[PDB]
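Summary of the model geometry
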There are 10 protein chains.
Amino acid sequence: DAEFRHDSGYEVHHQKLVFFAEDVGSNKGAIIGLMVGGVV
Amino acid sequence: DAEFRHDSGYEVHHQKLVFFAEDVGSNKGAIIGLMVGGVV
Amino acid sequence: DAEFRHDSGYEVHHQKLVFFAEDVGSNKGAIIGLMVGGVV
Amino acid sequence: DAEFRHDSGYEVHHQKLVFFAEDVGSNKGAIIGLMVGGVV
Amino acid sequence: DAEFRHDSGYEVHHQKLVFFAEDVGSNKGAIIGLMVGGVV
Amino acid sequence: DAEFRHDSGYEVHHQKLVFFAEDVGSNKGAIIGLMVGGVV
Amino acid sequence: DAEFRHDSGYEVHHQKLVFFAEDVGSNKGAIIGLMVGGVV
Amino acid sequence: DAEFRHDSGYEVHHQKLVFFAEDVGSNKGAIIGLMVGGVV
Amino acid sequence: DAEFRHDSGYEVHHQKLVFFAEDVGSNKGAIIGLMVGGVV
Amino acid sequence: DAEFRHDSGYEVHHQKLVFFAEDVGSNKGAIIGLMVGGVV
């Protein structure tokens, strides 16, 4: 007469989570404040 | 007469989550504040 | 006379979620504040 | 005389969700504040 | 005399949801504030 | 018998030019790619 | 018999130019790629 | 009989140029790639 | 009979140029790649 | 009969140039790659 209970508040089996973040907030391109040329 | 209960508030089986973020807030292109040329 | 109960408030089986975000808020193209040329 | 109950408030089987966001709020094209040329 | 009950408030089987957003709020084309040329 | 010539190809006297660009291509308001809620 | 010539190809006197660019290509407001909530 | 010539190809007198660029390409507001909450 | 010539290819007198660039390409606001919370 | 010539290819008198760049490419605000919380 075994109860054979399984009682888990959270059960996770076989779960894969991948989180990928690439290039958040990054300057691969040039940023120039000012360019001044040829000023007389 | 086994009860054979399974009682889990959350059960997850075989779940894959992929979160990908690419290039959030990023400057691959050029940003220029000002360009001034040829000023006499 | 086994009860054979399954009692899970949330059951998930075989669920795949993919979230992809690409290029949120990103400057691949050029942004220029001002361009001034040829001013006499 | 088994009850054989299945009692899950939410049951999900075999669900795939894909969320894709591309180019939200992004400047692939040029933005120029002003261009002034040839001013005498 | 098994009851054989299935009692799930929400049951989902085999559901695929795809949400795609492309180019929300994005400037692939040029935006220019002003262009002034040839002013004497 | 002074000639008293003034010969200037371009003459500018007392000229003020103001160019103002405000908020070109800018997101003061929120942009959201997708909002998904309450999905079972 | 003085010639008293003035001969300048470009003459500028008293010229003020102000160029102002504000908030070109800028995110003061929030941009969100996706928001997902409450997904079972 | 003095010639008294003035011969300058470009003459500039009393010229003030102000160029101001503010907040080009800048994120004062929040940018989020994805927000996921409450996923079971 | 003095010639009294002035012959300067470029003459500049009394010229003030101010170039100001503020906050080009800058993140005063938060940028987050992903936020995931409450995932079971 | 003095010639009294002044012959300067570029003449600059009394010129002040101020160039100011502030906060080009700078993170005063927080940037986070990912935040994950509460994952079971």
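Among the surface-exposed residues, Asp1 and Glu3 of chain A, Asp1 of chain B, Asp1 of chain C, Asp1 of chain D together with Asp1 and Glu3 of chain E lie close enough to one another that they form a single negatively charged patch. With respect to the secondary-structure elements, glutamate 3 of chain A resides in the segment before β1 (10–13).

Grouped together as the largest cluster of nonpolar side chains are 31 residues, with contacts concentrated most on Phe19 of chain B, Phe19 of chain C together with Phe19 of chain D. When residues of this core are traced back to their parent elements, those giving at least two are β2 (16–22) of chain B, β2 (16–22) of chain C, β2 (16–22) of chain D, β2 (16–22) of chain E, β3 (31–39) of chain F, β3 (31–39) of chain G, β3 (31–39) of chain H together with β3 (31–39) of chain I. Other than its neighbours up to four places away in sequence, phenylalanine 19 of chain B contacts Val18, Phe19 and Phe20 of chain A, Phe19 of chain C, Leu34 and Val36 of chain H together with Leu34 and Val36 of chain I. One finds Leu34 of chain A, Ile31 of chain C, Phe19 of chain G together with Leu17 of chain I within the second-largest nonpolar core, a separate group that totals 30 residues.

With that settled, consider the packing of aromatic side chains. Evaluated as defined, the whole model comprises 32 aromatic pairs over all chains. Ring geometry for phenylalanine 19 of chain A and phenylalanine 19 of chain B: centres 4.7 Å apart, planes at 0 degrees, overall stacked. Here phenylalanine 19 of chain B lies in strand β2 and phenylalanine 19 of chain A lies in strand β2 (residues 16–22), a pairing that spans two chains. Residue class for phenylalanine 19 of chain A comes out partly exposed when judged on its relative accessible area of 22%. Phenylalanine 19 of chain B gets classed as buried once you look at its relative accessible area, which sits at 0%. When the centroid spacing of 4.7 Å and the interplanar angle of 0 degrees are considered together, the rings of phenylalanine 20 of chain A and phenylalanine 20 of chain B count as stacked.

Cut-off values and rules
- Residues numbered from 1 in each chain as written, not as in the entry; some residues may be left out.
- Chains lettered and ligands numbered in written order.
- Heavy atoms only, no water.
- Patch = residues over 30% accessible without salt bridge, like charges linked within 9 Å, V, L, I, M, F, W, Y side chains within 5 Å.
- Areas by Shrake-Rupley, 256 points an atom, 1.4 Å probe, with all protein chains shown as cover.
- Salt bridge = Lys/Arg side-chain N within 4 Å of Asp/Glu carboxyl O.
- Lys, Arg positive; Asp, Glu negative; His and termini not counted.
- Charge placed at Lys NZ, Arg CZ, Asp CG, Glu CD.
- Helix = DSSP H or I, 4+ residues; strand = E, 2+ residues; numbered from the N terminus.
- Core = buried A, V, L, I, M, F, W, Y, C linked by side-chain atoms within 4.5 Å.
- Buried < 20%, exposed > 50% of the residue type's maximum accessible area, 1.4 Å probe, protein only.
- Contact = heavy atoms within 4.5 Å.
- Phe/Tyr/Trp six-rings, centres within 6.5 Å; stacked < 30°, edge-to-face > 60°.

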